[PDB]
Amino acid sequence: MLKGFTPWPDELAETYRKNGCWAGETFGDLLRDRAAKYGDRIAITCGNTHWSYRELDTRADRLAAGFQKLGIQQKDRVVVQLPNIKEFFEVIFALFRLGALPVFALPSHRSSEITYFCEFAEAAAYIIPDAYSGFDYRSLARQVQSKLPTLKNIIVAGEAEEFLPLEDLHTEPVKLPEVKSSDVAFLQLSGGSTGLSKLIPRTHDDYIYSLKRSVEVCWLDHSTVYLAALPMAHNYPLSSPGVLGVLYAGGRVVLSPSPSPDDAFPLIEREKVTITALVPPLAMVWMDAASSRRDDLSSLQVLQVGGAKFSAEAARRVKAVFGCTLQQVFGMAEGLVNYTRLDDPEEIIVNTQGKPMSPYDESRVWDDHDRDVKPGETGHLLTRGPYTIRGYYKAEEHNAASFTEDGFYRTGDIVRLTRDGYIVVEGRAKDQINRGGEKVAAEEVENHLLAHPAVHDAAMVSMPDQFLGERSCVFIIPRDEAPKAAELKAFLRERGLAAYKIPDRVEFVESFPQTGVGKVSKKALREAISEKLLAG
C-alpha cells in the first residue's frame, strides 16, 4: 500500500479481477510480453529513427538498472517532463519495472508547478530534455533545485550540462523488485484550472484495463499508426487510446515535433498515419489547414477530438475535410472515458460525446441535491467503475468534496444522458453563465457563432456585473477580418437565439489562452475580461 492511495472496496475489487477486468499483469509484463511476440516490429518512430518493441524492451531493462544504481527504489516518485520523444518510453517502462512511480508533468509547466510537483510527491528524481521548442529545461531545473536543494538527481536527455546525462544511465540488466499488478503504477495530473493540480494514482490493473478496452473500442491492431500530436504524457493522448494503448495492440506510434499541421501533415502523408487526436481549439486549425494546404492525409482513418466538447457545427465537417471517421472522446484523468463508437450513425458521432467504454462504468446524473434528475434531464455528472479513482494522492480535503460516501466521483461536468446512454455534454458547471438569474449554456451560443463565415473559433465566458450579477462576454478569433460585434449579435438574433443567450459583450483576439494539452482556458479568459472591466 502506497501512502496516499485509496483502493477500491475489497468486495468490488475481487469483482473486477474475477470479471476479467483486471488482468493481473504489470506494464513490465505487458512490454516483456509484446516485445517477445513481434521482436523488431517497429514500435516508435521519431524523424528517421526507429525503435523495435524488443529494443524498447531491452533499453527499459538496462535503464532500470542504471536507475536502480542511481539509488531510485520501489515507490519513489520521479516527476517526468519530456516532450514527444523516444526516451519518454524507455524512461517510464524502466521506472515501471523498477517499481518507481513516474509523475506526468507537461512540457508547458514551469518552476511554480514543477517545484510543487517535486515538493508534494516527494520526488526522488526529475527527468527533462536538454531543451525543446526553444525552452532550455536545465535552467528550469536550476530553478527548481534553488527551491529544492534536496532534489539531487536531475537527469537530462541530450546535452545534460552539469546534471545527469540520461544516456549514461543505461547499464547491465539486474534482478528487479517484484512489482504487483495491483501497485500504484504512476501518478497523473488533474485538470487544468481551479488552481493547483491534484495527483492521480493509477495502478497496473486499473490502467491497463482502460487500455485494452479503448483498443477494442477504437479498433487498434498491428496496422495502427497513431500520430502523437499533443503532449503525450497527458491522459488523453497516453491511453485514449493514446500511445500506450497503441503499444498494447502491437501497433506503431509516430512522434510529431509539435501539433501544427506543419509538422503533422507531412508526417501523416509520409508515415501514413491512420489515427490521431486533437483537442477542439487545435481541431479548428487542422481543418483550416486541410484546405489552405493540399497534401495527402488520405492515410488517416480515425480523427479523435476531445478534452472539450466539439461543437456540432464543426464535428459535422470531419467526414468532408479529412475524409475520415470523427470520434468524439469525453474522458478524464480520474478515470471514465466515453467514446462515439466507430460504428453508430453519423448523427450520434456529430451530436453526442459518446458513451462509457466499460460495461462496468456507472454514471449518475444528479441535481444540485444529489437527487438523480429525471430521465434524459440535464444535471451533475458523477461516475464510478474499474478505471475510475476513489481518491486523489494525499488530499483528504478535496476527496471529501469530490467522492460521494459510496465511491462516486463527481466530474463537475453538466450533462444529459440520452436514449442509448450516450452523453451529450453541455460544459463544466463552473463554465455556466448565470446571467440575470438565467442559465446560459455557453457552448450552445458558441456553436452558432462557429457557423459565421468570419469566426474561426469562440469561447463564451461570463463576466461580472453589479446589477445582473454576471453578464456574458464572448471571445472571437476572426477567420481573417474581425467582424463587427453588432454584426455577430444581429446574426445570432436572426437565427432565433433567445435574447438572454446573446453575448452582452464581444471581445476579439488572435488566439485563446490554453493549457498543458492545449485546451482553451475559460478560467483564463474570465480573468482577462475581468481585468479589462477593472481597467475602468
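Residue indices: 1-based, along the sequence shown.
S.K.: So, looking at the entry's B-factor column for Cα atoms, which has the higher mean, 183-191 or 288-296?
M.R.: It is 288-296.
S.K.: Where do the C-alpha atoms have the higher mean temperature factor in this entry, in 480-488 or in 467-475?
M.R.: Averaging CA B-factors over each stretch, the winner is 480-488.
S.K.: What's the residue among 420, 457, 161, 206 with the greatest CA temperature factor in the PDB record?
M.R.: Across 420, 457, 161, 206, the entry lists the biggest C-alpha B-factor for 420.
S.K.: Could you say which of 113, 397, 426, 313 has its CA atom at the highest B factor, as listed in the PDB entry?
M.R.: Highest CA B-factor of the listed options: 397.
S.K.: Divide the modelled residues of the chain into thirds by Cα B-factor and specify which third, lowest, middle or highest, holds residue 35.
M.R.: As the PDB entry reports it, the C-alpha B-factor of residue 35 lands in the highest third of its chain.
S.K.: Split the chain's modelled residues into thirds by Cα B-factor; is residue 76 in the lowest, middle or highest one?
M.R.: Residue 76: CA B-factor falls in the lowest third of its chain.
S.K.: So where's residue 89 on the chain's Cα temperature factor ranking, which third?
M.R.: Its C-alpha B-factor belongs to the lowest third of this chain's values.
S.K.: When the deposited Cα B-factors of this chain's modelled residues are ordered and cut into thirds, is residue 518 in the lowest, the middle or the highest one?
M.R.: It falls in the bottom third of the chain.
S.K.: Relative to the other modelled residues of the same chain, rank the CA B-factor of residue 146 and answer lowest, middle or highest third.
M.R.: Answer is highest: the recorded C-alpha B-factor places it there.
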